[PDB]
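A short write-up of the structure that comes next.
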Amino acid sequence: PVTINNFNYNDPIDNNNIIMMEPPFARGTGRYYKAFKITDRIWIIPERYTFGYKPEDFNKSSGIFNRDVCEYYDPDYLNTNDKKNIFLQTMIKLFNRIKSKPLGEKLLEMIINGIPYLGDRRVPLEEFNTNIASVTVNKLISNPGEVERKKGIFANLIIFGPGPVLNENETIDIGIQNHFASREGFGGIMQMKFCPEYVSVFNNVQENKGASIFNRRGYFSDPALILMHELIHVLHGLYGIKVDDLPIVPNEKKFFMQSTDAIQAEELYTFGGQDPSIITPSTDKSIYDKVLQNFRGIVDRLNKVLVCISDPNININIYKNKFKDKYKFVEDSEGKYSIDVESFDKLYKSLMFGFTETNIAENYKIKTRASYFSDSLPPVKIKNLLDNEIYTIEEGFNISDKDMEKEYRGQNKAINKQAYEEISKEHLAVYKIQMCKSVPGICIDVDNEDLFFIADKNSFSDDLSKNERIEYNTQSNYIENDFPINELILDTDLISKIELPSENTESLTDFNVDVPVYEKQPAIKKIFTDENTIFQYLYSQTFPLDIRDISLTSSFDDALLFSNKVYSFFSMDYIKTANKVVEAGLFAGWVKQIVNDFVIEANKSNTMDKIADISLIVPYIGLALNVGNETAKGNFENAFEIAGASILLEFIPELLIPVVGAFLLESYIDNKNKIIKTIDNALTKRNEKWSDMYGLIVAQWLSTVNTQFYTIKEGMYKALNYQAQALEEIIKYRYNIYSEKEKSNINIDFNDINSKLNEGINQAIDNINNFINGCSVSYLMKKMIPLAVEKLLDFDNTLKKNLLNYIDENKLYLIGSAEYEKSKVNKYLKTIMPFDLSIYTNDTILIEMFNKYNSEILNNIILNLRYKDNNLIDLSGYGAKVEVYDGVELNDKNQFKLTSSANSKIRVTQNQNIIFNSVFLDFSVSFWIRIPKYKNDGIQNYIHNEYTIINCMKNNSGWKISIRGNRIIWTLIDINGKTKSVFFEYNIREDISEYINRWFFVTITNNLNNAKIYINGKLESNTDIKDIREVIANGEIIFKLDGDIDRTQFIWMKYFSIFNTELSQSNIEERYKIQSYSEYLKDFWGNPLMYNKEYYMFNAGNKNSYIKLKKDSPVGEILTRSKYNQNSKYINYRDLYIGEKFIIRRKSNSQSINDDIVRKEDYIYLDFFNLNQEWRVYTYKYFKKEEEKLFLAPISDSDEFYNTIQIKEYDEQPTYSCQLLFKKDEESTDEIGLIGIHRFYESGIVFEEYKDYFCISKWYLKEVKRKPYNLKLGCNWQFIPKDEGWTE
């Protein structure tokens, strides 16, 4: 176990556990420091760290030391013995808390026993030298008797108090003659500047700080985790693995980029979590290798060490035993030391991935920031860590007796206010970027922290481009940035049980050492830009403190111009109400109104856009921040549908995607085993190449893209809050304008207001977070992974020949097998590795994002052709090249027509880098189509001639969609030429067909077994496709009528899209209902219903019937449609162009016209033509019966007839039918009835019979309410205009 010593600053010097030490950076001169041995090899010097700092720099100035920290200054901290003692007692309490658990105690035991090797790179392998500043430190024994006698001691860690910046804790290593023993396998005394009271604050971006924008937010850190974080660095330095390699350096070429120091992998390993994933598997291995090479030199020394010249009293065997356990070397029965790969491996992972801030935090149930890369808030002062009511050894701030264990309540700033104190902003300093305009140009100060962190291309290793030699030896190399924290906590032989050498030794005489020199830099950097991006937009949403009367504006430019003007990205109506002034008696009402509006506006963050295959879109992000590519101009939803996530990025990073180095296989003539082994190894190494490539991508996405999206998320949180703050300000102002007398009667509750505004904001934030996370993943998958696959596929091919050629040259030595493997090589380089984020990270948030994304069917769209600027483009996000030739017609209703002309075609060159070739065939194709009726005189050719319409082939393999008369066919052709088809044939002898010349929905799905065809959501045909082998489907897609067609043949299509998976009957039904939806009604053929267009009327309840003005009566009789008269046996139908020709007129124009489209609920006039005149459909106002014959007469205004109709749609399911309702007036809720058909009996002097007439019945009013909706209802009508697709 670990023992924590006790003492008070005032205690006497005993030259043993309380000494006068000469610190390493004192160069053996200057004064000594009273130091206390808190535990073996660990000292505490309760004083400020002054080494390398100028005395005046302890005062706050116009400068800063670190560009990414809100630095707090206080030169008085620790300037009295009582303060020093409080520091001492506090450290003791933190150490006790650390050891209070197995994980922490082990970290301490490891640190205590990880004594620096005796010597560094300069020492001869056969020697131990203690006379160097990294191994020995002196204490002044000098009591009475030769004032100036000094003893040397060994030490592992010396912990000082804070340097100039209290909240800037740092672990420091000793460099000598330009080198660091702590970075070369030796290890060396470690130092640290630490402050337990002023700790960092952080706030979970995805979460919420008690969910209160008006209350304090964020969480304050537990000083014990802060200490353990630094202790982890100590551990690394003590074991000599604090190696340096290719660091993450931020790009700083643009003004919006965040400046900062290079970040070494060791730092990111220490934090843990997702951060390790920012270090590529390549650089992971580099570091791994460097460390191993360091231990190799050390293990060689242990075998050659013979003496210690610096100290005759040092016992060689004791140390060799100690270093053996320390580095986990194994020794044989003779005493020969070597490296055991398994043990080295376990030790390395334990130290780099086991002890991390993340793992420790999770173990101690302490909360911390999500990642190394996240906005750093201002620090706070802990009132009294020494008071067990606030902080305890066992639980820290999260004390259960105070019910502060759950949700880290003890660390929440809005809950545990008795534990901390805000800091005087007067003592804080931050690096700012002053963004100036070319104008005296106006200036805006932005905190470096708020800028986008974008890792520069130079941050990532290019080791993938190097060549690899293959051999019967060659094995895979995977370093898991993970370690089971439980086995570490239960590891029995981990913690050394080998004697710890005495600390006394010869005093140090060689004080040679490099002392770091520090200096502040300007806290403000002025740059010039006339850009108005996120920073200016956020600024335009604030207002000076000396201003209390403001008004909202949608004009960004004015907001920047006037201090009393504040920018708002909310609706025009929201902005007018917010600026509205009212009488005291109407104030309460107004408040309830504008607050409610705020919530409604904020909630538009849950806007859907299913028709464009986008489930979540936050329409106002663009207006709010104008981030990325001018997202504040134009409509944002549209801009997104076109370019996607990419338009939100402030910068498009240049990815590093190297050309994977070539393999060199070692030849083994005669050896049959070695040669086979080689091939297989190359096969596995190739997989290592795919994995490493992916790891390289993930790392870039995390440090160059996801970080940008993080800034955006933060920006939205700030934006929404500014808005709330602005409304609250306006409200306060209006209220306070009134007199006390008036206020007494105004019923207002300001805390409920903030509450409601707040709730609106939280709901908005969760939406925004989902939206933005999805965008991030989208960019990874569609804009990064594909670029990597391209190279990997290339590499593959190059290796394919490389291998077969290899198997060729060695043909003989392989004998009757060169063939067996000739294929073993083909079948392997076939199956390509699917990307899986959980392989490169274990961060729960990131995994969830990925799983969420992969569960949303719409992310399976690999091709989505939509209309834009009179042209079709792929909006799937994979960027397919689309060539639409001159013979193709396109309209803004997403309809495109393929005619019989040669130039009437579309060529689609697909993205070859998408996992489409899943090996077993899994994909769907969907689209709407309108196939014209057959020419009556050309029925023979129609049923005999098959012609292709969409063809996708490559190497005589692929899929095809074709047509033969009334049949639509789906065909597959595998690599071997085997064929399978499935088809849907519709009847051409129906009096009334639902398909001939009518828009209908098609969907073909393909899985390992079947090929299914769905029509309007319903499954229609199936085919077993087991035999079918590999089907190459990523060839060029050609849309064109190909076959022996009639020159009049044409086809209309809409919404053509492809999915790289099998859609379920459920997915299809939904897609069908989504693409069927519209505000307007449709005509018989399925096109928008138009005003001022002749139409024949169809009745769904009486298919074979039609309306005709009765010769003598002002009524419409119902007649039986005429039928196909010719003698073909293949066809039959009822004429559609018969009966009166109606025409829908708009009732009120100015109200909403400027369009000829008929929208549901519109009020219309239903007219028709009686020769050279236009007549109208009327209803006698006074019928008392259930129904009555409609009145058809010239257009006139009779006070006795209703002439206004409201076109309705009562069916909730897709339909081309519509209903016509007669209401008393547009306002009342008095329904007269619906237009339909009724049967009347007529008994005359000569004729006795039944006749149907064009009527209005109230009976329908209740029937249309039933469910499912009765399509056979006689009140269901459809309008039929003449159409080239239908001739009779």
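Throughout, chain A uses Swiss-Prot numbering, with the displayed residues spanning 2-440, 443-1291 in order.
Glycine too: its Cβ is placed from the backbone N, Cα and C atoms.
Summarising the annotation, Swiss-Prot assigns active site to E231 and lists sequence analysis as the type of evidence. Swiss-Prot lists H230, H234, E268 with the feature Zn(2+) binding site, giving experimental evidence as the kind of evidence. The ganglioside GT1b (d18:1(4E)) binding site annotation in Swiss-Prot covers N1025, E1189, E1190. Per Swiss-Prot, the feature D-galactose binding site maps to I1240, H1241; the stated evidence is experimental evidence. The annotation region 'Belt' is assigned in Swiss-Prot to 481-532 on the grounds of a curator's inference. The region 'N-terminus of receptor binding domain (N-RBD)' annotation in Swiss-Prot covers 858-1079 and rests on similarity to another entry. As annotated by Swiss-Prot, region 'C-terminus of receptor binding domain (C-RBD)' applies to 1080-1291, with the evidence given as similarity to another entry. Sequence annotations record features per position, and here Swiss-Prot assigns motif 'Host ganglioside-binding motif' to 1260-1263.
Feature map: Swiss-Prot annotations on the structure.
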{"residue": "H230", "record": "Zn(2+) binding site", "DSSP (3 states)": "helix"}
{"residue": "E268", "record": "Zn(2+) binding site", "DSSP (3 states)": "helix"}
{"residue": "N1025", "record": "ganglioside GT1b (d18:1(4E)) binding site", "DSSP (3 states)": "strand"}
{"residue": "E1189", "record": "ganglioside GT1b (d18:1(4E)) binding site", "DSSP (3 states)": "coil"}
{"residue": "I1240", "record": "D-galactose binding site", "DSSP (3 states)": "strand"}
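Gap in the deposited chain: 2 residues are missing between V440 and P443, whose Cα atoms are separated by 5 Å. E231 (active site) is 10 Å away from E268 (Zn(2+) binding site) when you measure Cα to Cα.
Sparsest Cβ environment among the recorded positions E231, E268, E1189, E1190 (other Cβ atoms counted within 10 Å): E1189. Annotation for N1025 (ganglioside GT1b (d18:1(4E)) binding site): spatial neighbours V985, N1013, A1014, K1015, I1016, criterion Cβ-Cβ under 8 Å with sequence separation of six or more. The 10 Å shell around the Cβ of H1241 (D-galactose binding site) contains 19 further Cβ atoms across the protein chains shown. Residue counts for the region 'Belt' (481-532) under DSSP, helix first, then strand, then coil, are 6 helix, 10 strand, 36 coil.
Long-range contacts of the motif 'Host ganglioside-binding motif' (1260-1263) within its own chain (CB-CB distance under 8 A, at least 6 residues past either end) are made by residues 1189-1190, 1222, 1234-1237, 1239, 1241, 1276-1278. For the motif 'Host ganglioside-binding motif' (1260-1263), residue counts in helix, strand and coil come to 1 helix, 1 strand, 2 coil, using DSSP. Around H234 (Zn(2+) binding site), the same-chain residues six or more apart in sequence whose CB sits under 8 Å from its CB are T172, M191, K243, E267, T271, listed in sequence order.
Each residue contributes its Cα atom, and for the residue listed as 'active site' and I1240 (D-galactose binding site) these two points are 86 Å apart.
Reported as a whole number, the C-alpha separation between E1190 (ganglioside GT1b (d18:1(4E)) binding site) and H1241 (D-galactose binding site) equals 8 Å. When Cβ atoms from all protein chains are considered, those within 10 Å of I1240 (D-galactose binding site) total 20, not counting its own. For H230 (Zn(2+) binding site), the number of other Cβ atoms no farther than 10 Å from its own Cβ, over all displayed protein chains, is 22. In this record, ganglioside GT1b (d18:1(4E)) is bound by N1025, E1189, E1190; the longest C-alpha to C-alpha distance in that set is 49 Å. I1240 (D-galactose binding site) and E1189 (ganglioside GT1b (d18:1(4E)) binding site) have their C-alpha atoms 13 Å apart, to the nearest angstrom. Each of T172, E231, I233, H237, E267, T271, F272, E358 belongs to the same chain as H230, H234, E268, is absent from that list, and has a C-beta within 8 angstroms of the C-beta centroid marking the Zn(2+) site. Here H1241 (D-galactose binding site) is positioned 11 angstrom away from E1189 (ganglioside GT1b (d18:1(4E)) binding site), judged by their C-alpha atoms. Cα-Cα distance from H1241 (D-galactose binding site) to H230 (Zn(2+) binding site): 86 Å (rounded to the nearest whole number).
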